[PDB]
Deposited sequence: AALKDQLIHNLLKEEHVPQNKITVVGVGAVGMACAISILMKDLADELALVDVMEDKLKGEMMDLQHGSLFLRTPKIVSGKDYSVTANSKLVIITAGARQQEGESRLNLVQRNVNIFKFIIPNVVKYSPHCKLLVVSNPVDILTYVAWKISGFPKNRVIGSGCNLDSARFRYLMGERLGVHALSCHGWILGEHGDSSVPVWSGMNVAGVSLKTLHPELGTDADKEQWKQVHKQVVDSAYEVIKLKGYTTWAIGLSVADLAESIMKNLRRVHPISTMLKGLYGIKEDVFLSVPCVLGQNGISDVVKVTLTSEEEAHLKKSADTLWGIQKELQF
């Protein structure tokens, strides 16, 4: 008998139905950052990687597999064919193109998403690709999924950056500094000044000029620096990876473990915040095993409200063009 049979007696005809499987689409800098953050956080019993770059894809798979001894995620698989992603609980989209673009990313999602829904009919979708609020909308429409099951990473990372930057000025950990960046991801995002606090102590109430032009401490520049920081880090090393990857794994955690934590992520919010279009904006969302199930209604100033509505009309205008 073969050596395996000499050592090991098989007692069961083993059906491999993956139970907490997660797929990352795209093995770029971001895709792999998510992959390794997830692997180090023990969130999956199986991980799949999909891409059209097959050698790259095979390498990253092998390189990951080689650290199995050190991980608690027993199976890693890769392939250009989406059968490898079958039965995923969560599929994270990092795929994108390298003029105005979005229609091509739309074209890319036109192939990818249906392939995804085909092999994981019941999965949650987490889109990280930029422009994130648009592509999330695109993935949502192509997928046929209810809105709770299609999430955009939105302002999650920028909120983490803002809390980090807050912690540097205040001299305490980002975990203890609370602050929310909502709305359209990127340059038009909203620093919700009224919500910034340590230990329940409002900063805007302590210091009413917070975030204004007359602000002697120039806290408005804190938001400014978060909106830039991506570009600035790309200027330095060529892309960003580690921080985005860590922020996505944080989201996978709440999803996989049904935590019902609140995160600033992009959800389809028609019917809320005065919004009347089918668009995705970042609002504090309760995140759990069913995707986004609830959303916190934040009290905004009247211009904060007009600002949100402007983003909705912006994204929609851009959406009105695109074709699926």
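- Task: Give the ranges of the deposited sequence, numbered from 1, for which the structure holds no C-alpha coordinates, in sequence order.
- Result: Deposited residues absent from the model fall in 99 to 105 alone.
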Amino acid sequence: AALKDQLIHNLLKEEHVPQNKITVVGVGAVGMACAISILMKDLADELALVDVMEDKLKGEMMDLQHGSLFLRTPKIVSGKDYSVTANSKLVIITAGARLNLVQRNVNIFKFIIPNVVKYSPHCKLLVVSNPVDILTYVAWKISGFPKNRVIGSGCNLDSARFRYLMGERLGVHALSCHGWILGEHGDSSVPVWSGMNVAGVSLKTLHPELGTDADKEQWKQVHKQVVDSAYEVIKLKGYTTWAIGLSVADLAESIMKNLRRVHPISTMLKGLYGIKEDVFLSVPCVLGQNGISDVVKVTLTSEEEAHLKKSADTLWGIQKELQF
From here on, numbers count along this sequence of modelled residues.
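Rigid core here is just the name for the largest C-alpha set that superposes within 1.5 Å across the two forms.
Looking at C-alpha RMS in 5 other deposited structures of this protein with the core superposed, is it 101 to 109 or 210 to 218 that drifts more? Higher root mean square deviation of C-alphas in 5 other deposited structures of this protein is shown by 101 to 109.
Is the larger C-alpha RMS shift in 5 other deposited structures of this protein, relative to this form with the rigid core superposed, found in 19 to 27 or in 6 to 14? Greater root mean square C-alpha distance in 5 other deposited structures of this protein: 6 to 14.
*Higher-scoring stretch by recorded Cα B factor average, 169 to 177 or 75 to 83*: Per the PDB record, 75 to 83.
* To do: Report the stretch with the higher mean CA temperature factor, choosing between 230 to 238 and 87 to 95 on the basis of the entry.
  => Higher mean C-alpha B-factor in the PDB entry: 230 to 238.
Selection by C-alpha B-factor (highest) of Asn105, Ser189, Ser254, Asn148
When the deposited C-alpha B-factors of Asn105, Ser189, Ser254, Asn148 are compared, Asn105 is largest.
Review point. According to the deposited entry, which of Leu203, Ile244, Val127, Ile113 has the largest Cα B-factor?
Key: In the PDB entry, the greatest C-alpha B-factor among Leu203, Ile244, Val127, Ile113 is found at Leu203.
Could you place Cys34 in the lowest, middle or highest third of its chain by Cα temperature factor, using the values in the record? For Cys34, whose C-alpha B-factor we compare with every modelled residue in the chain, the answer is the lowest third.
**Request:** Could you look up the Cα B-factor of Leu135 in the entry and say which third of the chain it sits in: lowest, middle or highest?
**Result:** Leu135: CA B-factor falls in the middle third of its chain.
query = Looking at the C-alpha B-factor of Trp219, is it in the lowest, middle or highest third of its chain?
reply = Highest third.
* For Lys276, does the deposited CA B-factor place it in the lowest, middle or highest third of the chain? -> Tercile = highest for this residue's CA B-factor.
Comparing against every modelled residue in the chain, figure out the third that the C-alpha B-factor of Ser153 lands in (lowest, middle or highest). For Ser153, whose C-alpha B-factor we compare with every modelled residue in the chain, the answer is the lowest third.
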